[PDB]
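A quick write-up on the structure given underneath.
A note on names: the letters A, B, ... follow the listed sequences, proteins ahead of strands, and every chain is numbered from 1.
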Protein chains: 8
Amino acid sequence: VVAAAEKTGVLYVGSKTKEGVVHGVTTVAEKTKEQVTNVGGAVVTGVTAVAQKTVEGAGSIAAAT
Amino acid sequence: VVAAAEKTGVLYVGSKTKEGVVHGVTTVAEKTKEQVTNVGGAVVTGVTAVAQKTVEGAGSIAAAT
Amino acid sequence: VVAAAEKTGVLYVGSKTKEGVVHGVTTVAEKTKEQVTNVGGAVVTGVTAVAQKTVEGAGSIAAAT
Amino acid sequence: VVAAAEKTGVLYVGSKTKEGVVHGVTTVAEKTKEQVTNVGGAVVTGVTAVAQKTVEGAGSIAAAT
Amino acid sequence: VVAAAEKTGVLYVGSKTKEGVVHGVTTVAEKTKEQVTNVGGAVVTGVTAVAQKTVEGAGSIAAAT
Amino acid sequence: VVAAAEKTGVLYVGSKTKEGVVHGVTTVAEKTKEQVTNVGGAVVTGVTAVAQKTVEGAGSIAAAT
Amino acid sequence: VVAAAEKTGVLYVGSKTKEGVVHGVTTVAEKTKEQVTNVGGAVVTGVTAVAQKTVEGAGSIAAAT
Amino acid sequence: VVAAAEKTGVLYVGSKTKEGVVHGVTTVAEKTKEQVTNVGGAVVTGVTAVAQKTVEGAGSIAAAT
């Protein structure tokens, strides 16, 4: 289990909402052994969610659950 | 299990909503052994969700569940 | 379980909301052995959520749960 | 379990909310052995959440739970 | 203008609503001389409106607008 | 302008509402001479409005506006 | 302008509301000469409004506006 | 302008509210000569408003406005 990584205007958002229920990364279980969540990048969540120029480098994730 | 990666205007969003229910990356189970969520990139979630210039580098994920 | 990584305008957001319920990275269980959450990048959550120029370096996550 | 990492405008946010309930990184269980949360990057949570120029260095996380 | 008047169980109401906008006796004008409203009886108004055994006597209205 | 008048169980209301806007007897104008409101009986108004055994006598209204 | 009048169980209300805006007897104008409101009976107003056994005598109203 | 009047169980109210805005008898104007409000009966106003056995005698109102 090996991972490797190498590296060498106007944005207008207007929102009008009355009711907002938002879930991002969700993991639900009743009977389980393991629950694993690795976020090497970006998790952006909300009623109004904006991501600009995110995750622009080098990331690596190795999991052996 | 080996992974490897290498690397060497106007955006107007306007939204009117009354009710919004949003789920992004969801994993639901009742009987299980393992639940794995790797995000080397980006999960952007919402009633209004804008992603600009994201995940522009090098990423690697190696899972052996 | 080995991970490695190497590296060598106007943004306007206006939001009018009355009711907002937001969850970011969520892990729920009833019977389990292990619950793991590594955040090498960025988890950005809220009724208004803005991420600009985040996760631009070198990150690595190794999990052997 | 080895991890290694090496490295060598106007932002306007306006929000008008009446009710906001926000959760960031959440881990809930009823019977479990282990619960682990490593934060090497950034967790930014709130009714209004703005992250600018965060997680731009070198980070490594190694968990062998 | 003459008017004259002379006189000699289980009621279960259950209601579930989310949004209710109710008007009763309404009189709207832009250019007028006279606006008259006589209620010798009963005006009962609402999202849930119940009237039981009302206006059971003697009433008289004489208007000469 | 003459008016004359002469005279000689279980009620359960359960209501569940989230938003309620109620008007009763309303008189609106922009240019007018006279605005008259005589209530000899009963005006009952609200999100939950209940009237039981009201206006059971003698009432008279004489208006010569 | 003459008026004349002569005369010779379980009530359960349960209400669960989150937001309530109520108006009873309302008279609105911009340019006018006269504004008159006689209440010989009863005006009962509110988010929960209960009127039991009201206006059961003798009432008379005479207006010559 | 003459008026004349002559005369010879369990009530449970439960209310759970979060926000209430209530007006009873309201008279609004911008330019006017006269504004008259005679209350011979009863005006009961409130977020929870209960009237039991009110206005049971003799009442007379005479206005020559």
Side-chain angles (χ1 to χ4, degrees), chain A residues 1 19-47 49 61-65, chain B residues 20-40 43 45-46 61 63-65, chain C residues 1 19-47 49 61-65, chain D residues 1 19-47 49 61-65, chain F residues 16, chain G residues 16 18, chain H residues 16:
Chain A
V1 187
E19 263 181 1
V21 179
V22 184
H23 294 92
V25 177
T26 300
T27 304
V28 180
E30 182 174 1
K31 33 185 177 181
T32 301
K33 296 188 177 183
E34 294 154 359
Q35 284 177 346
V36 183
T37 302
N38 298 323
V39 295
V43 175
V44 181
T45 308
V47 176
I61 296 176
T65 185
Chain B
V21 179
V22 184
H23 294 92
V25 176
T26 300
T27 304
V28 181
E30 183 174 1
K31 34 184 178 181
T32 302
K33 297 188 178 183
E34 302 174 356
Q35 284 177 346
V36 182
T37 303
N38 298 322
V39 291
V43 174
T45 309
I61 295 176
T65 184
Chain C
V1 187
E19 262 181 1
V21 179
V22 184
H23 295 92
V25 177
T26 301
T27 305
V28 181
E30 183 175 1
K31 33 185 177 181
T32 301
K33 296 189 177 183
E34 296 159 0
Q35 284 177 346
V36 183
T37 303
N38 298 323
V39 295
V43 174
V44 181
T45 309
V47 176
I61 295 176
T65 185
Chain D
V1 187
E19 263 181 1
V21 179
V22 184
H23 295 92
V25 177
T26 300
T27 304
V28 181
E30 183 175 1
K31 33 185 177 181
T32 302
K33 297 188 177 183
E34 293 161 358
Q35 284 177 346
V36 183
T37 303
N38 298 323
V39 294
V43 174
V44 182
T45 309
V47 176
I61 295 176
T65 184
Chain F
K16 250 180 166 175
Chain G
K16 250 181 166 175
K18 187 175 176 174
Chain H
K16 250 180 166 175

Checklist entry - How far apart are the closest heavy atoms of A:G40 and A:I61, and which atoms are they? => result N-CD1, 3.5 Å
Checklist entry - Which residue pairs satisfy the side chain to side chain donor-acceptor pair (under 3.5 Å) criterion with at least one member in residues 21-30 of chain B, sequence neighbours excluded? => result A:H23-B:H23
Checklist entry - What heavy-atom pair brings A:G46 and A:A49 nearest, and what distance separates the two atoms? => result N-CB, 3.8 Å
Checklist entry - Should B:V39 and B:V25 be marked as a side chain to side chain contact (heavy atoms under 4.5 Å, CB included) after you check the CA-CA gap, both sets of side-chain angles, and the distance that decides it? => result CA-CA 10 Å; B:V39 291; B:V25 176; 5.6 Å; no
Item to check | Considering all heavy atoms, the nearest C:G20-A:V47 contact | outcome: CA-CG2, 4.1 Å
Next on the checklist: Please find the pair of heavy atoms, one from C:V1 and one from A:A64, that lie closest to each other, and give the distance.
Outcome noted: CG2-CB, 3.5 Å
Next on the checklist: Are more than 12 heavy atoms, taken from residues, nucleotides or ligands other than G:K16, located less than 6.0 Å from that residue's NZ atom?
Outcome noted: no
Next on the checklist: Any donor-acceptor pair under 3.5 Å linking the side-chain atoms of A:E34 with those of A:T65?
Outcome noted: yes
Checklist entry - So how far is it from D:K31 NZ to C:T32 OG1, rounded to the nearest 0.5 Å? => result 9.5 Å
